[PDB]
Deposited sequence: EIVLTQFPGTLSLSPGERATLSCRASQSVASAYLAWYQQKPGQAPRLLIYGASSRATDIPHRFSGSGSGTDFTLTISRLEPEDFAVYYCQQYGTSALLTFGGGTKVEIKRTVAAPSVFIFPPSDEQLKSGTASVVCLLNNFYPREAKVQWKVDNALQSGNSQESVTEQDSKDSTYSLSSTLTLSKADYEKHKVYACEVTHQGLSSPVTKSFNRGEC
């Protein structure tokens, strides 16, 4: 019933086999277990039915195996047409349905130099009344590089927001933007503005 996907997220160069395991709590037939595929920001798609047989007009590159409580989707060669988020799932029967954890499949990207930008609210921002300090970072490593609004041994939390770009379908890039939702005076009281910078290697 409860479906878990191992690993949670995988990055692999196109053309190589990828194996995604599915674990359940219930001794279920492999007929009631399948695998769907979803492209980002789009409707998903049926990939493999019955955990062993391929669906309509899908090349023999994919395959499925397993039963009972352990299932496995194995793609012999993967291409960017199918680099997507994949879901093992039990369906239809027992009157209830649920989906997998959605293992996003990624393309391996070389370790390049990340880009960092920081901008305090300029004068136009100040007279707009929304003096939001912003910092953005792009083409980085890793995806989960966590930064926080560190000012003079001070946390800023519970008020900021962060937007994360979806993985690029061509360059597999990622980008994050952290912005503050605060009034002008709340920005003006502080004097130094910056968010902490972590890598492998500004006046009011």
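TODO: Numbering from 1, run down the deposited sequence and write out every stretch that has no C-alpha in the structure.
DONE: In the chain as deposited, 1, 203-210, 214-216 carry no coordinates.
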